[PDB]
Novice: 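Structure below; questions to follow.
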Amino acid sequence: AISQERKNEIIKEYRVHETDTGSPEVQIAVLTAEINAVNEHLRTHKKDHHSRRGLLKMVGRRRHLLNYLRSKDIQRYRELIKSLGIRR
RNA sequence: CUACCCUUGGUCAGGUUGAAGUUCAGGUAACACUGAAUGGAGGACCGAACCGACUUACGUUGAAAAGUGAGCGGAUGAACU
RNA sequence: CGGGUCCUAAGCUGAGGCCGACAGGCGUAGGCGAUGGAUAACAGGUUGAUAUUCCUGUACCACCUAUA
RNA sequence: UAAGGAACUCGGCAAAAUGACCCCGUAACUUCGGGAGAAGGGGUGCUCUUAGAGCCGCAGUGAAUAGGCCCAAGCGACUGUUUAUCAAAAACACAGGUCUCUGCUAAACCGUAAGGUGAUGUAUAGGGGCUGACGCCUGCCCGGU
RNA sequence: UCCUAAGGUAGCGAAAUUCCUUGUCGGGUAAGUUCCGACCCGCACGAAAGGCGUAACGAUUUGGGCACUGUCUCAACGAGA
RNA sequence: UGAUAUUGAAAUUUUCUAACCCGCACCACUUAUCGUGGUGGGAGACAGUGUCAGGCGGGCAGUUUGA
RNA sequence: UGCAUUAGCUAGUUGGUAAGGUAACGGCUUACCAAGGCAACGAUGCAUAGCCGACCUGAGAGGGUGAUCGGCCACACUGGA
RNA sequence: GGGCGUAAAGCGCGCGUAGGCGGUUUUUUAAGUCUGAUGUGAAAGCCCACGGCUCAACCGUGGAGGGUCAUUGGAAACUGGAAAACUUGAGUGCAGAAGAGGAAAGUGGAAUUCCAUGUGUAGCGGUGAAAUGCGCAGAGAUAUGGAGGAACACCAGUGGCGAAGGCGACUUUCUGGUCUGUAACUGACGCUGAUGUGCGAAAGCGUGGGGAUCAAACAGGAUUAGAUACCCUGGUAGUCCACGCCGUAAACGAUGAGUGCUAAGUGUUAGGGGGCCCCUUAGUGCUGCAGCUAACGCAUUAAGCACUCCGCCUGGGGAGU
RNA sequence: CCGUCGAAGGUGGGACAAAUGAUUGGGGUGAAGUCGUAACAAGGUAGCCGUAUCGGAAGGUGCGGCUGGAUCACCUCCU
RNA sequence: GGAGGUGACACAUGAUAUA
RNA sequence: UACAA
Ligand SMILES: [K+]
Ligand SMILES: [K+]
Ligand SMILES: [K+]
Ligand SMILES: [Mg+2]
Ligand SMILES: [Mg+2]
Ligand SMILES: [Mg+2]
Ligand SMILES: [Mg+2]
Ligand SMILES: [Mg+2]
Ligand SMILES: [Mg+2]
Ligand SMILES: [Mg+2]
Ligand SMILES: [Mg+2]
Ligand SMILES: [Mg+2]
Ligand SMILES: [Mg+2]
Ligand SMILES: [Mg+2]
Ligand SMILES: [Mg+2]
Ligand SMILES: [Mg+2]
Ligand SMILES: [Mg+2]
Ligand SMILES: [Mg+2]
Ligand SMILES: [Mg+2]
Ligand SMILES: [Mg+2]
Ligand SMILES: [Mg+2]
Ligand SMILES: [Mg+2]
Ligand SMILES: [Mg+2]
Ligand SMILES: [Mg+2]
Ligand SMILES: [Mg+2]
Ligand SMILES: [Mg+2]
Ligand SMILES: [Mg+2]
Ligand SMILES: [Mg+2]
Ligand SMILES: [Mg+2]
Ligand SMILES: [Mg+2]
Ligand SMILES: [Mg+2]
Ligand SMILES: [Mg+2]
Ligand SMILES: [Mg+2]
Ligand SMILES: [Mg+2]
Ligand SMILES: [Mg+2]
Ligand SMILES: [Mg+2]
Ligand SMILES: [Mg+2]
Ligand SMILES: [Mg+2]
Ligand SMILES: [Mg+2]
Ligand SMILES: [Mg+2]
Ligand SMILES: [Mg+2]
Ligand SMILES: [Mg+2]
Ligand SMILES: [Mg+2]
Ligand SMILES: [Mg+2]
Ligand SMILES: [Mg+2]
Ligand SMILES: [Mg+2]
Ligand SMILES: [Mg+2]
Ligand SMILES: [Mg+2]
Ligand SMILES: [Mg+2]
Ligand SMILES: [Mg+2]
Ligand SMILES: [Mg+2]
Ligand SMILES: [Mg+2]
Ligand SMILES: [Mg+2]
Ligand SMILES: [Mg+2]
Ligand SMILES: [Mg+2]
Ligand SMILES: [Mg+2]
Ligand SMILES: [Mg+2]
Ligand SMILES: [Mg+2]
Ligand SMILES: [Mg+2]
Ligand SMILES: [Mg+2]
């Protein structure tokens, strides 16, 4: 869905420190771009159920990371919520 | 006159109902979906004008060679003129 | 003022033209044809009988002639 | 108009009853729109205070005008149309269905023809036959015509 | 068994079709040749001269009930032409 | 539907063009979706039309359908 | 205690203020204000049932019963004071 | 104090909410847990002891028992609450690799059917045997060309991919997942999953296209005592496409998911490390111990040994009514 | 004496529940009367599952699936 | 040798218990 | 064998 160049752009922007690729903020931001791209694919490929199943897993993984971030530090969580186009 | 049509005009008191859309709100990953408001559709509803003629009474050397009285059907439409 | 001296609709008619025993039928250009388009005046007074028409006051339109 | 209340009659024909506005409340069935004004019930006068307190009559939309309602069955889906002048209907039409003809100077129709309609349209179009919303469906026979 | 091209599927049925006939049974009535629901013995239903149903609609046809009444028992009085 | 006339030219049904036809395009008459001519294109001795013939023909007509 | 083949219930309802009322607190009652309160941890509705010490059974864990004796409640032909 | 491969019993399969459950360590707390104190758990009853009834029933007296009870003082291992660390679980990054995973649009070869043309003549077709059927108006056969729909030989393999249903010509575009290595990173972020929400062979349904082959129904021909069949000749829906619906199958491994542990041998698929072999991951098969099983059998892909969560069963018929 | 609240009663339309109703549907049991012979063997067309359709009936046929299918082949695997 | 994949005319019927 | 037909 997204290139390694676009992924590295997102990692650079949302990392909480240098050499960070595994924080919730980095993962949620990358998952958000991937979810948006597959939604773009599914708008002209409505019958692609198999791809849509993979999108549903990304949405579930993002929601779990968001729940963990919210319960650990709500300040980091609410700043990430506005940065992306995410409600809750 | 009447039937149908052509061209060009005109007319339809007031009430009632509340379609599609839209917006806001919930809701979603994105749609579906839902409520409120808005909106004003319909050979839609009730009912004058108007157009009819279902029932009944009267009239039947008529007021009238087809009518009158009382109700009755349609009444933004395939309307009436 | 309404109509004509303006415009076209349906329709009618139709120089030439096409068709048809005859008589005639159709039709092109064009023409006629309002129920539509265009278009300059109002208020008051007056008679037995007319009135945006007569009369009074105040206008507007088209055309003509002269100064411009 | 006593008492009765459809016993009248082919048939409740005619008449009586209902009726306005405001507020409650409303069934089977349903194509989810409806059915529905379903049904069934409450309130209306006048005066005073700012919803209460009073006043009067037999009666308060005090006159006139203003849906009767319910249950079930046949037919037709529906609005519409018809025998001017004894029939308005279950008849006609209808949206929908199907069959069939028609390649365009189309087929079909009027006309002797010319000229036209079809159509200033072109098979998602035009003419003709039958059926008649919608739902579920539409079996057998091609010997004869 | 005979014959045919083939001998009526689903659904419906005393029906706007049933002659016998007021068929028979049930419901409704005190009493119902009409009505409703069933049966099938369909004189002589039957699938686009469509079959079976169907919410909504009807001055349609048919049966029942409430309200209501001079329709009636059974007529009487009054107003006017 | 056939013959024949309009109706010709070559092969063996095919070909051709020149009669006939075009509710085919452009041009002129001409401010004209008529018409008439001109040029292209299509079609073509077919079609259309005349005469003759056979067939179908309640679409329409005249009649009959006894005592 | 059953039943989800019972999922929505409530509008004095839930809270507040004031007054009234009671032996007493209290929506207990009324007036005004606000829109709360309950529920899948089963609200609500329907059905069933007086509850307990005890009693019967069982190795026990459990299952079954509430006559007699004792505690508590409710009722006194039905309903309202 | 039971089960769910074949006896009744694993939802067809995902995603996921509530809930249940949850890796290592330190500090802290004290709800659960443990341990005393106090109060209370009436009397009668039951049980033990003793006394009175001639005995016994029975009666009486003294004890014991019965709470998930409350209040209060201690303990701190485990469960829970708070705080702080951790990297093994789970994710991310980086480096490789394989794949009929999915959606869309294009290109191609064989064959079937139909159509035309040329040659060419008497049958072709079909069965157990036949007949229906097609054919002298030229079939069938043969050669060439065209139209059209459908499906993709060989490759092809207890091979591969996918949650399952499923996925097989080739090309491009869009896109999902998995595996191996590394140890940058985050630091338990996990597992399961009622309700829910989605996907789901074939048949079937709606609208509209398409229509080669095959083929319910149906017709004819056979067979047969009959033949509403099996066989033959045809043939409609359907089979194909798009968009909706339906939500079911012996949807099967008749075996729910997760995690760990427990002999070996031997094929195969995709990788990695080291010297064709040895080691090692992850799949996919066969054989086979321990163990399990009623037996059959299963056996590191468990039906073994364990913990967590879900679904389901409780004799047969009636009745999945 | 007047008004608000007030049981019972009456009026109305619905909700629910139990009884019964011409006729009607399927089931169980009893007996084997009748018609066939569908399954069990390759049960004489392998059977079963879903679905569709047809038929006196068991059942047939189509499409997909399963082996919980007999007999004989050609291959992978194991011993 | 044993498995797993692959492929490959007609024949109706026979009551109840007790066996 | 006792039955059934
Ligand atoms: K007019
Ligand atoms: K037509
Ligand atoms: K014929
Ligand atoms: Mg007027
Ligand atoms: Mg109307
Ligand atoms: Mg009206
Ligand atoms: Mg009229
Ligand atoms: Mg009148
Ligand atoms: Mg009306
Ligand atoms: Mg003329
Ligand atoms: Mg005058
Ligand atoms: Mg009277
Ligand atoms: Mg009276
Ligand atoms: Mg009365
Ligand atoms: Mg009478
Ligand atoms: Mg009488
Ligand atoms: Mg009347
Ligand atoms: Mg009124
Ligand atoms: Mg009608
Ligand atoms: Mg009408
Ligand atoms: Mg008349
Ligand atoms: Mg009349
Ligand atoms: Mg008709
Ligand atoms: Mg014939
Ligand atoms: Mg008769
Ligand atoms: Mg008929
Ligand atoms: Mg027919
Ligand atoms: Mg017919
Ligand atoms: Mg009809
Ligand atoms: Mg009346
Ligand atoms: Mg008089
Ligand atoms: Mg005649
Ligand atoms: Mg004559
Ligand atoms: Mg005579
Ligand atoms: Mg009781
Ligand atoms: Mg026991
Ligand atoms: Mg057991
Ligand atoms: Mg299990
Ligand atoms: Mg079994
Ligand atoms: Mg089983
Ligand atoms: Mg399973
Ligand atoms: Mg299943
Ligand atoms: Mg004693
Ligand atoms: Mg990579
Ligand atoms: Mg991979
Ligand atoms: Mg899970
Ligand atoms: Mg579930
Ligand atoms: Mg299908
Ligand atoms: Mg066949
Ligand atoms: Mg289809
Ligand atoms: Mg589809
Ligand atoms: Mg199962
Ligand atoms: Mg397991
Ligand atoms: Mg395990
Ligand atoms: Mg083994
Ligand atoms: Mg292995
Ligand atoms: Mg058999
Ligand atoms: Mg068999
Ligand atoms: Mg069959
Ligand atoms: Mg399968």
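Computation of the quantities below employed the complete heavy-atom set of this structure, encompassing side-chain atoms and omitting hydrogens, waters and symmetry-equivalent molecules. In what follows, chains are A, B, ... by sequence order, proteins preceding strands, each numbered from 1.
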Novice: For nucleotides H:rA212 and H:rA150, find the distance between their P atoms and express it as a whole number of Å.
Specialist: 10 Å

Novice: Given H:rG93, is OP1 or OP2 found less than 4.0 Å from the side-chain N or O atoms of A:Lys7?
Specialist: yes

Novice: Strictly by Watson-Crick or wobble contacts shorter than 3.5 Å, is anything paired with B:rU61, and which nucleotide is it?
Specialist: none

Novice: Would H:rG73 and H:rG74 count as a stacked step, six-ring centres under 5.5 angstrom and planes under 30 degrees apart?
Specialist: yes

Novice: On a whole-Å scale, what distance lies between the P atoms belonging to H:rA303 and H:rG166?
Specialist: 24 Å

Novice: Is there a Watson-Crick or G-U wobble pair linking B:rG21 and B:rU38, both distances under 3.5 Å?
Specialist: yes

Novice: Going by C1'-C2'-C3'-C4' alone, is F:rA32 a north or a south sugar?
Specialist: south

Novice: Given H:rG177, H:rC174, B:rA29, which nucleotide is nearest the side-chain atoms of A:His45?
Specialist: H:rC174

Novice: With rounding to the closest Å, how many angstrom separate the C1' atoms on E:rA59 and B:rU56?
Specialist: 13 Å

Novice: Here, do I:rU71 and J:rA8 pair up as Watson-Crick or G-U wobble, each distance under 3.5 Å?
Specialist: yes

Novice: Looking at H:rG190 and its strand neighbour H:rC189, are the six-membered base rings less than 5.5 Å apart at the centres with planes tilted under 30 degrees?
Specialist: no

Novice: The sugar of D:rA119: north or south, by the sign of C1'-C2'-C3'-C4'?
Specialist: south

Novice: Please produce a list of atom pairs where a protein N or O lies less than 3.5 Å from an N or O of nucleotides 203-208 of chain H.
Specialist:
none

Novice: Between the protein and nucleotides 11-15 of chain H, are there any N/O to N/O pairs under 3.5 Å, and if so, what are the atom names and distances?
Specialist:
residue: H:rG14; atom: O3'; partner: A:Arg53; partner atom: NH2; Å: 3.0
residue: H:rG14; atom: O2'; partner: A:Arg53; partner atom: NE; Å: 2.9

Novice: Just how far, in rounded Å, is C1' of H:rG176 from NE2 of A:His50?
Specialist: 9 Å

Novice: As a test of reading torsions: judging only by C1'-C2'-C3'-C4', is the sugar of H:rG10 on the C3'-endo (north) or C2'-endo (south) side?
Specialist: south

Novice: Keeping to residues at least two apart or across chains, list the salt bridge (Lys or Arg N to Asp or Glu O under 4.0 Å) pairs with something in residues 41-57 of chain A.
Specialist: A:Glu40-A:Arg43

Novice: Do the six-membered rings of E:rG53 and E:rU54 pass both checks: centres under 5.5 Å apart and planes under 30 degrees?
Specialist: yes

Novice: Measuring only the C1' atom in each nucleotide, how far is H:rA122 from H:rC136? A whole number of Å is fine.
Specialist: 8 Å

Novice: Note down whether G:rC41 puckers north or south, where north is a positive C1'-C2'-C3'-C4' and south a negative one.
Specialist: south

Novice: Using a 3.5 Å upper limit on both distances, decide if B:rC12 and B:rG77 constitute a Watson-Crick or G-U wobble pair.
Specialist: yes

Novice: Pairing check on H:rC240: which nucleotide meets the Watson-Crick or G-U wobble criteria with it, both distances under 3.5 Å?
Specialist: H:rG209

Novice: Does B:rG42 carry a north or a south sugar when the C1'-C2'-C3'-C4' torsion is used to decide?
Specialist: south

Novice: Look through every strand shown and name the nucleotide pairing with D:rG143 as Watson-Crick or G-U wobble, where both distances are under 3.5 Å.
Specialist: none

Novice: Mind checking if D:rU81 and D:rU82 stack, meaning centres of the six-membered rings less than 5.5 Å apart and planes less than 30° off?
Specialist: yes

Novice: For A:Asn8 and H:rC94, is the shortest distance between a side-chain N/O and OP1 or OP2 below 4.0 Å?
Specialist: yes

Novice: Consider the side chain of A:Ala1, meaning its heavy atoms from C-beta on, and name the nucleotide among H:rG162, H:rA103, H:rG176 that approaches it most closely.
Specialist: H:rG176

Novice: Sort out the partner of E:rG37 for me: Watson-Crick or G-U wobble, both distances under 3.5 Å, none otherwise.
Specialist: E:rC25

Novice: Using a 3.5 Å upper limit on both distances, decide if H:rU35 and H:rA302 constitute a Watson-Crick or G-U wobble pair.
Specialist: no

Novice: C1' atom, H:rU213 versus H:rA237: distance in rounded Å?
Specialist: 16 Å

Novice: Between H:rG304 and H:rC292, how far is it from one P atom to the other, in whole Å?
Specialist: 10 Å

Novice: Specify the separation, in whole Å, of atom CG of A:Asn39 and atom P of H:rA103.
Specialist: 19 Å

Novice: Under 4.0 Å, heavy atoms only, any strand: does A:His49 hit a base, just the sugar-phosphate, or nothing?
Specialist: sugar-phosphate

Novice: In terms of side-chain heavy atoms of A:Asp48, which of H:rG93, H:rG176, H:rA103 is nearest?
Specialist: H:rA103

Novice: Counting only Watson-Crick and G-U wobble pairs, both distances under 3.5 Å, are C:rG45 and C:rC54 paired?
Specialist: yes

Novice: How close or far is atom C1' of H:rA104 from atom CZ of A:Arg52, stated in whole angstroms?
Specialist: 14 Å

Novice: Round to the nearest Å and state the distance from A:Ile35 atom CD1 to B:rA29 atom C1'.
Specialist: 6 Å

Novice: Please identify each residue that fulfils salt bridge (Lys or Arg N to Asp or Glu O under 4.0 Å) with A:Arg15, with sequence neighbours left out.
Specialist: A:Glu18

Novice: Please report the distance, rounded to the nearest Å, between CG in A:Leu42 and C1' in B:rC31.
Specialist: 11 Å

Novice: Decide if a Watson-Crick or G-U wobble pair links I:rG10 and I:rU4, counting it only when both distances are under 3.5 Å.
Specialist: no

Novice: Indicate if A:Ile10 and A:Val16 have the same hydrophobic cluster label, given that clusters are the connected sets of ILVMFWY residues with side-chain heavy-atom separations under 4.5 angstrom.
Specialist: no

Novice: Without decimals, in angstroms, what is the distance between A:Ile28 CD1 and B:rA29 P?
Specialist: 14 Å

Novice: Is there stacking between B:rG77 and B:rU76 - six-membered ring centres closer than 5.5 Å and planes within an angle under 30°?
Specialist: yes

Novice: With both distances under 3.5 Å as the test, what is the Watson-Crick or G-U wobble partner of I:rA52?
Specialist: I:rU61

Novice: List the protein contact pattern of nucleotides 180-196 of chain H with one symbol per nucleotide (5' to 3'): B for base contact, S for sugar-phosphate-only contact, - for none; contact means a heavy-atom distance under 4.0 Å.
Specialist: ----BBSSSBS------

Novice: Would you call A:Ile28 and A:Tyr14 a side-chain contact if the rule is heavy atoms closer than 4.5 Å?
Specialist: no

Novice: Under a 3.5 Å limit on both distances, do B:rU11 and B:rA79 form a Watson-Crick or G-U wobble pair?
Specialist: yes

Novice: Mind checking the P distance from D:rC23 to D:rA2? Whole angstroms is fine.
Specialist: 39 Å

Novice: Watson-Crick or G-U wobble partner for I:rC77, using a 3.5 Å limit on both distances?
Specialist: J:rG2

Novice: Rounding to a whole Å, what distance do you find between A:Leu31:CG and H:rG93:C1'?
Specialist: 13 Å

Novice: Just so I know, are the side chains of A:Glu25 and A:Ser83 near enough to count as touching, which here means a heavy-atom distance under 4.5 Å?
Specialist: no

Novice: Please determine, for F:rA5, whether a Watson-Crick or G-U wobble partner exists with both distances under 3.5 Å, and give it or none.
Specialist: F:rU49

Novice: May I ask whether H:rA76 and H:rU172 form a pair, defined as Watson-Crick or G-U wobble with both distances under 3.5 Å?
Specialist: no

Novice: With both atom distances required to be under 3.5 Å, do H:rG23 and H:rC58 make a Watson-Crick or G-U wobble pair?
Specialist: no

Novice: Can you tell if the side chain of A:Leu66 reaches within under 4.5 Å of the side chain of A:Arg63, non-hydrogen atoms only?
Specialist: yes

Novice: Run the pair test on H:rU92 and H:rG198: Watson-Crick or G-U wobble, both distances under 3.5 Å, answer yes or no.
Specialist: no

Novice: Just N and O in the side chain of A:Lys47: are any of them under 4.0 Å from OP1 or OP2 of H:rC199?
Specialist: no

Novice: How close or far is atom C1' of H:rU92 from atom CE of A:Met58, stated in whole angstroms?
Specialist: 14 Å

Novice: Using the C1' atom on both, measure E:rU69 against E:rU62 and round to a whole Å.
Specialist: 25 Å

Novice: Considering every strand shown, what is the Watson-Crick or G-U wobble mate of H:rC312 when both distances are under 3.5 Å?
Specialist: H:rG3

Novice: What pairs meet the ring pair (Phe, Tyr, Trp, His ring centres under 6.0 Å) rule with one or both residues in residues 45-72 of chain A, with sequence neighbours excluded?
Specialist: A:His41-A:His45

